[PDB]
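Below is one structure, written out as structure tokens, with a few remarks after it.
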Amino acid sequence: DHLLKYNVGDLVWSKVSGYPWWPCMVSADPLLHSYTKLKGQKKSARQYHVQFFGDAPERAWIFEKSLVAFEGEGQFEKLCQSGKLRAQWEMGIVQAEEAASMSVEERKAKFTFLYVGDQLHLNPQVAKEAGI
Ligand SMILES: CNC(=O)[C@@H]1CCCN1c1nc(C)cc(N(C)C[C@H]2CCS(=O)(=O)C2)n1
């Protein structure tokens with residue numbers, strides 16, 4: 001055990017209420033510039049900031065007990081124990097599996113969402129790759 005389980009660029013599965021376990025990457029919050037913090041300053045309530053792979057940019061502060069290191073798509077079955085949501089999730093898994101073969105510096109440069117004030121936008125490199 002380590003007190004700081006994840007760092008910026010780490011790939012993780014995150015669990016948010018109403019959604020299945022989703023592929024993510026730990027990242028710095030646009031406003032705070034931090035990637036980890038204690039909710040209400042309780043040492044047992046550590047959270048990490050993550051961005052979700054998939055269709056549209058999304059991010060969240062998540063409790064460390066709702067995160068699991070991402071090794072691969074095959075973990076999903078053991079972790080558990082829908083139309084538009086399924087296609088978004090599949091797209092996210094393809095991106096996460098591509099990011100897993102990259103170095104941490106390359107995966108941060110390619111996948112980190114573009115921050116324009118408090119608006120989250122596609123990474124210009126991902127946008128160019130998709131022909132946007
Ligand atoms: C883009 N956001 C959304 O689809 C929805 C509606 C607003 C909040 N939200 C949301 N918030 C959170 C915190 C997570 C989350 N997911 C896990 C699903 C999305 C991840 C990126 S995706 O592939 O586009 C689908 N979804």
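By order of appearance in the structure tokens: chains A, B, ..., then residues from 1 within every chain, and ligands from 1 in the order shown.
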Residues at most 9 Å from ligand 1, using only C-alpha atoms and all ligand atoms? Could they come as a VMD selection string?
chain A and resid 14 to 24 51 to 62 84 to 92
Any chance you can output those residues with C-alpha atoms as a compact mmCIF listing (two decimals), in the first residue's frame?
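Listing of out18.txt after writing:
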# COMPACT_ATOMS: atom_id res chain seq x y z
CA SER A 14 -14.55 4.66 -12.29
CA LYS A 15 -17.98 3.90 -10.84
CA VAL A 16 -20.53 6.74 -10.87
CA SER A 17 -24.17 6.20 -9.76
CA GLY A 18 -26.42 5.21 -12.65
CA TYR A 19 -23.52 4.28 -14.95
CA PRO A 20 -21.63 1.04 -15.48
CA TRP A 21 -17.87 0.88 -14.53
CA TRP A 22 -16.32 3.29 -17.10
CA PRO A 23 -12.76 3.69 -18.53
CA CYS A 24 -11.09 6.93 -17.35
CA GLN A 51 -11.85 12.37 -17.26
CA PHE A 52 -14.05 9.79 -18.99
CA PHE A 53 -13.03 8.15 -22.31
CA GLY A 54 -15.85 7.87 -24.86
CA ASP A 55 -18.03 10.19 -26.94
CA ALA A 56 -18.22 13.67 -25.32
CA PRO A 57 -15.84 15.24 -22.79
CA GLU A 58 -16.81 14.54 -19.18
CA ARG A 59 -14.96 14.66 -15.82
CA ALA A 60 -15.58 14.08 -12.10
CA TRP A 61 -14.02 13.95 -8.64
CA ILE A 62 -14.45 10.29 -7.55
CA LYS A 84 -26.47 5.00 -26.86
CA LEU A 85 -24.71 4.23 -23.54
CA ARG A 86 -23.27 0.96 -24.99
CA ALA A 87 -21.80 2.58 -28.14
CA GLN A 88 -20.26 5.41 -25.95
CA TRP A 89 -18.82 2.81 -23.53
CA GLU A 90 -17.37 0.71 -26.41
CA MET A 91 -15.78 3.80 -27.95
CA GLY A 92 -14.25 4.59 -24.51
Show which residues sit within 7 Å of residue 69 in chain A, as a ChimeraX atom specification. Count only C-alpha atoms, and ignore same-chain residues fewer than 2 positions away.
/A:11-13,67,71
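Close contacts of residue 105 in chain A, defined as residues with an atom at most 10 Å away when counting only C-alpha atoms, with chain neighbours fewer than 5 positions off set aside, comprise residues 8, 9 and 110 of chain A.
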Report the distance between CA of residue 130 in chain A and CA of residue 102 in chain A in Å, rounded to one decimal place.
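Computed distance, CA of residue 130 in chain A to CA of residue 102 in chain A, equals 18.6 Å.
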Non-local contacts of range 34-38 of chain A (7 Å; only C-alpha atoms; under 4 positions in same chain excluded) as a ChimeraX atom specification:
/A:8,27-29,42-43,45-49
Find the residue from A:3, A:77, A:63, A:30 that sits nearest to residue 121 in chain A; use only C-alpha atoms when measuring.
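Checking each of A:3, A:77, A:63, A:30 against residue 121 in chain A, counting only C-alpha atoms, the winner is A:30.
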All alpha helix (DSSP H) positions in range 71-112 of chain A, as a ChimeraX atom specification:
/A:76-80,84-100,104-111
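One distance worth recording is that between CA of residue 115 in chain A and CA of residue 128 in chain A, which is 16.6 Å.
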Which is closest to residue 99 in chain A among A:44, A:126, A:31, A:79, if we use only C-alpha atoms?
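Closest to residue 99 in chain A, using only C-alpha atoms: A:126.
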Going by DSSP on the backbone, which residues of chain A come out as strand (DSSP E or B)? List them as JSON, numbers by chain.
{"A": [11, 12, 13, 14, 22, 23, 24, 25, 26, 36, 37, 38, 46, 47, 48, 49, 50, 51, 52, 59, 60, 61, 62, 63, 67, 68, 69, 114, 115, 116, 119, 120, 121]}
If I take CA of residue 4 in chain A and CA of residue 112 in chain A, how far is one from the other in Å, to one decimal?
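Answer for the CA of residue 4 in chain A to CA of residue 112 in chain A separation: 20.7 Å.
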